[PDB]
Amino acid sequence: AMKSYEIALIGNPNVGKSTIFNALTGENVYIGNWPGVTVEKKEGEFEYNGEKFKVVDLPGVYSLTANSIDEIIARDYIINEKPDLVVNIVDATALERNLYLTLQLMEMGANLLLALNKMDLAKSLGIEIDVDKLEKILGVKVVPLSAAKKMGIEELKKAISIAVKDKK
């Protein structure tokens, strides 16, 4: 009946991935781990419009090399599980370093959406981001938000429903 999609959340540690995951899924959540390791695996889902969205939280990583079991898990999933959409959660207060992962993600031909979190913190720290320039330079859609202050989440949901169609 209801059409489904699979989306993955990935970014550096401490960017608000857990906060965004909870905001998107609420009570619909299973918590376990990846096979044979003590790396936590969070999965949940939300309904938006008439469509259903399975959300997998990938391990927080700084790059997608193979220097850790986390990078391995994350890379294996992105490439071999082929999610309809990778939501790359990026911290606006440390853009440069967050974008290292982003570049690798683009390399892999991930269907990508950029969630530029912590806009409040950046503003309060005097950090300026030209979101439009960023969107332009990367050729990826950028959704500014502040998940901890419950701002932009709805915007994000909408952008997700739109971005998954870009896998076709």
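The first residue of the shown sequence is 1; numbering continues from there.
* **Residue gap status of residue 126, at least a third of other entries** => Counting only entries that model residues on both sides, residue 126 is resolved in every one of them.
* Looking across the other entries that model both neighbours, is residue 137 missing in at least a third? -> In all of the other entries, residue 137 has coordinates.
* Asked: Which is higher on average in the deposited entry, the C-alpha temperature factors of 116 to 124 or of 38 to 46?
  -> According to the PDB entry, the answer is 38 to 46.
* To do: Compare the mean C-alpha B-factor of 132 to 140 with that of 55 to 63 as given in the PDB entry, and name the stretch with the higher value.
  => The entry gives the higher C-alpha B-factor average to 132 to 140.
* Thinking about Cα B factors across the chain, which third does residue 111 belong to? -> As the PDB entry reports it, the C-alpha B-factor of residue 111 lands in the middle third of its chain.
* To do: For residue 149, return the chain-relative third of its C-alpha B-factor as stated in the PDB record: lowest, middle or highest.
  => Answer is middle: the recorded C-alpha B-factor places it there.
* Place residue 78 in the lowest, middle or highest third of its chain's C-alpha B-factors, as listed in the PDB entry. => It falls in the middle third of the chain.
* CA B-factor placement of residue 104, once the chain's modelled residues are sorted into thirds -> Ranked within chain, residue 104 CA B lands in the middle tercile.
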